[PDB]
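Each residue of the sequence shown is one higher than the last, beginning at 127 in our numbering.
Using N, Cα and C, we set each Cβ at its ideal position, and we do this for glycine too.
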Amino acid sequence: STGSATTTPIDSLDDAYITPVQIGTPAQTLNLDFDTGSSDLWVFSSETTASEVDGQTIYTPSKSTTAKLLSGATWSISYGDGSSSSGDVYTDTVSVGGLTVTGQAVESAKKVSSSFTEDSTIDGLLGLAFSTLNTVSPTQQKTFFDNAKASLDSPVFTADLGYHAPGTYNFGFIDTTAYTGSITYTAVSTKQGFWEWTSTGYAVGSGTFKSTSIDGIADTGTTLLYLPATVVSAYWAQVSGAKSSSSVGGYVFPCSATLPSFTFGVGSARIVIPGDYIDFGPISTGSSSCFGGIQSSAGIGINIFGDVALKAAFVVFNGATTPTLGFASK
């Protein structure tokens, strides 16, 4: 069987993408952020501290006939941006675009951090990374992709994110109309629990391709593209008036400038990110300094191919025994 759900940018900058997910019987639809950089299905539930909730839809397991408390289980997660959440774990029927998984761990948030509270449009996260990163103790739990994998026509899910437009998440099938040319597949390392791959190089605007290995993670839960300082500096050196502001916390550019594109290698193939995708608008309302879409990964310790890089491609996440990533033009 398959599943097809539409994903939509939360705001005018594509800061995140929410995808509708049905939890329980009768179903309750929550808008979850599909994150291929984490493996937890957590939601804002009726058990959250009423102070940490600001206009979000809440999962009410007491109003669900198929909800079972996963007795004793707890989860504690901290993200790359510094955000965090914790609580107890429930099991319930979860569906994504028609694809149903019965007995899926739905982590009820009892406590959420301030970044989550501010995001009223995001009701929780749907972890699509390897289940080895799941934070449920004492019994580690599997992701929705893992639980659905056996009943899927093909053990894959695809991400087709849009630039200032809605896109799609498909499960169990490859939509041959959603891309042009071929899908280039590349090896994935499951060691750190992420979809870890090696980019074959890069180019800045119409510059000559630089063939160099760049290990990274295909991460839908991260907004920007985070590459090594050497690669990012080469990119921002081609933008007039661009600098790395320590007060902003990253690279800024004059809003009047037209950004060049950024090409990243996938095997012998190339994925071109239009310069427009790299423009995150003014740093503050009315400002003349604009936030860059390419930032350095120096502090993170991992290079991240986030939404900036992924929305320029049709991306296949192959969860076969030998997992691989596929990138195609669109």
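Point to revise | For residue 219 and residue 150, the rounded distance between their alpha carbons | key: 5 Å
Check your understanding: Taking DSSP as the reference, what is the three-state secondary structure of residue 225?
Key -> strand
Review point. How should residue 380 be labelled, buried or exposed, when 16 other C-beta atoms within 10 angstroms of its C-beta is the threshold for buried?
Key: exposed
Practice item. Work out the CA separation of residue 213 and residue 104 for me, nearest whole Å. Key: Summary: the structure shown does not reach residue 104, with the chain confined to residues 127 through 456, and so no result is reported for it.
**Study point:** For residue 321 and residue 451, believed in contact at Cβ under 8 Å, the rounded distance
**Key:** 6 Å
Practice item. Mind the definition here: the stretch 140 to 156 touches the stretch 240 to 252 only if three or more C-beta pairs lie below 8 Å; say whether that holds. Key: yes
Exercise for review: Please go through the same chain and pick out, in chain order, the residues whose beta-carbon is closer than 6 Å to the beta-carbon of residue 155, but skip the five residues on each side of it.
Suggested key: 146 and 148
Practice item. Please confirm whether residue 328 and residue 390 have their CB atoms less than 7 Å apart. Key: yes
Exercise for review: Within 10 angstroms of the Cβ of residue 233, are there 16 or more other Cβ atoms? Answer buried if so, exposed if not.
Suggested key: buried
Practice item. Could you check how far apart the C-beta atoms of residue 401 and residue 387 are, in whole angstroms? I think they sit under 8 Å. Key: 5 Å
**Study point:** Rounded separation between residue 159 and residue 205 - CA only
**Key:** 13 Å
Review point. Does the stretch 428 to 447 come within contact of the stretch 395 to 415, defined as at least 3 CB pairs closer than 8 Å?
Key: yes
Review point. Taking just the CA atoms, how far does residue 431 sit from residue 131?
Key: 22 Å
Practice item. Assign residue 275 to one of two classes, buried (16 or more other C-beta atoms within 10 Å of its C-beta) or exposed (fewer than that). Key: buried
Review point. Going by Cα to Cα distance, which pick from 302, 429 and 353 is closest to residue 455?
Key: 302
**Study point:** Entirely enclosed beta strand (DSSP E) segments - the stretch 250 to 329, minimum 3 residues
**Key:** 250 to 253, 282 to 286, 293 to 297 and 306 to 313
Review point. Can you tell me where the beta strand (DSSP E) with residue 131 in it begins and where it stops?
Key: 129 to 135
Practice item. Can you tell me the Cβ-Cβ gap for residue 416 and residue 378, rounded? I've got them flagged as a contact below 8 Å. Key: 7 Å
**Study point:** Outcome for residue 174 when other beta-carbon atoms lying within 10 angstroms are tallied against a minimum of 16
**Key:** buried
Point to revise | Secondary structure of residue 335, DSSP reduced to three states | key: coil
Review point. Hey, quick one: how far does the beta strand (DSSP E) through residue 370 stretch, first residue to last?
Key: 369 to 371
Exercise for review: Confirm, please, whether the CB-CB distance from residue 227 to residue 457 is below 7 Å.
Suggested key: Outside the shown range of the chain (127 to 456) lies residue 457, about which nothing can therefore be said.
Check your understanding: residue 282 to residue 445, Cα distance in whole Å?
Key -> 5 Å
Review point. Hey, quick one: how far does the beta strand (DSSP E) through residue 377 stretch, first residue to last?
Key: 376 to 380
Review point. What separation, rounded to the nearest whole angstrom, lies between the Cα atoms of residue 243 and residue 170?
Key: 10 Å
Point to revise | Three-state secondary structure assigned by DSSP to residue 146 | key: strand
Point to revise | Three-way DSSP call (helix, strand, coil) for residue 401 in this model | key: helix
**Study point:** Sequence-distant residues of the same chain with beta carbon closer than 8 Å to residue 292, five excluded per side
**Key:** 132, 133, 134 and 135
Review point. If you compare alpha carbons, which of 316, 318 and 267 is closest to residue 217?
Key: 267
Check your understanding: Is residue 140 buried or exposed, if buried means 16 or more other CB atoms sit within 10 Å of its CB?
Key -> buried
Check your understanding: In its own chain, which residues sit with a C-beta less than 7 Å from the C-beta of residue 314, not counting the 5 before and 5 after it?
Key -> 321, 322, 323, 449, 450 and 451
Review point. Are residue 260 and residue 165 closer than 7 Å when you measure CB to CB?
Key: yes
**Study point:** Cβ-Cβ separation, residue 326 to residue 339 (assumed contact under 8 Å), whole Å
**Key:** 7 Å
Practice item. Name the two residues that bound the continuous alpha helix (DSSP H) containing residue 436. Key: 433 to 436
**Study point:** Range covered by the alpha helix (DSSP H) that runs through residue 357
**Key:** 355 to 362
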